[PDB]
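In case it helps, the entry's author numbering puts the sequence shown at residues 259 to 412, 421 to 533.
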Amino acid sequence: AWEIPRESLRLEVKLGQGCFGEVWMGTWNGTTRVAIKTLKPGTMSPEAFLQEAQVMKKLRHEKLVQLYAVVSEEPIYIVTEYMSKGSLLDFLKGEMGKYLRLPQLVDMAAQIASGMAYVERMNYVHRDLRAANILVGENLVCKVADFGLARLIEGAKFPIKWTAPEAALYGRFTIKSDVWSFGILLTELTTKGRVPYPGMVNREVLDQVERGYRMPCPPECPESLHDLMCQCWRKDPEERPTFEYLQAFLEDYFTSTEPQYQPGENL
Ligand SMILES: N#CC[C@H](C1CCCC1)n1cc(-c2ncnc3[nH]ccc23)cn1
């Protein structure tokens, strides 16, 4: 019943293209502006492509990108709501980046924690939480997207710089490894989109994180916010905070934690 006829869709503008398929902005039933994830016909199994839609069928939250429809016969289409400002990573790196200060950045973080706390409640794992997988809409609304690797808890290698070591090394993906990634996401926000562990290659990152290395407090980031990051990067997955706590901490941040915050030059 999520099924629609393919002639119901008009693809128009390209927005991006991954190496397992493409993403277009389109029109649904001639009335609704949508986004249409397409498949590169041969890159990966059609059933592997559709599992992303399988997952999105079960999830529904204001801070997760919403599934609209599916075409499950080749060529395959996953149809979702359209996000007008593109990826958070591009937004932070773009011309808006320099004007964002801590209050807009923390509010973006709160929204992401809200969507993820919902994922937490439903017993899903995302497994690719990072700023390139968050989408920005009107009024600085942020929604988590790309549930390509997401699954209910019962590829070959993951971006180690965002992945909790137990998950990178032994495949132990839990909501607490998503919490690890959220901490790394917090450093992307507070540095306006810089790659984590500047100057370190993947192996060096792995070796040092095992030996206890953690990224320092970014310039102008408050120590209370870097404390939060460090709790997210606790070696013991179960010492890591929940998203429910993270959501509430970030929504209340400027009253309960940093009530005397003054804007600086970049944050
Ligand atoms: N690679 C490429 C995939 C791309 C990544 C960006 C966030 C999720 C993955 N992606 C963007 C979308 C999308 N969905 C809805 N509105 C949008 N606007 C711009 C991109 C976009 C879906 N996937």
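Just so you know, even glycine gets a beta-carbon here, dropped at the ideal spot from N, CA and C.
| Item | Value |
| --- | --- |
| Grouping DSSP H, G and I as helix and E and B as strand, with all else coil, what is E486? | coil |
| Terminal residues of the continuous alpha helix (DSSP H) containing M302? | From DSSP, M302 is part of no alpha helix (DSSP H); its letter is neither H nor E. |
| Distance, Cα to Cα, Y527 vs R409? | 39 Å |
| Which partner residues does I294 have in the DSSP bridge list? | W282 and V337 |
| Just tell me which of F424, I441 and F307 has its CA closest to the CA of residue 550. | The structure shown has nothing for residue 550, since the chain only spans 259 to 533. |
| Who does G421 pair with in a DSSP beta bridge? | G421 is not bridged to any residue. |
| Okay, do the stretch 449 to 466 and the stretch 321 to 339 touch, 3+ Cβ pairs below 8 Å being the bar? | no |
| Starting from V329, follow its DSSP beta bridges and name the residues at the other end. | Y335 |
| Based on the DSSP output, what are the partners of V271 in its beta bridges? | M283 |
| Which residue comes first and which comes last in the alpha helix (DSSP H) that contains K442? | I441 to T456 |
| Is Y527 near ligand 1 - that is, is its Cβ less than 7 Å away from at least one heavy atom of it? | no |
| Out of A367, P425 and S372, which has the shortest C-alpha to C-alpha gap to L452? | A367 |
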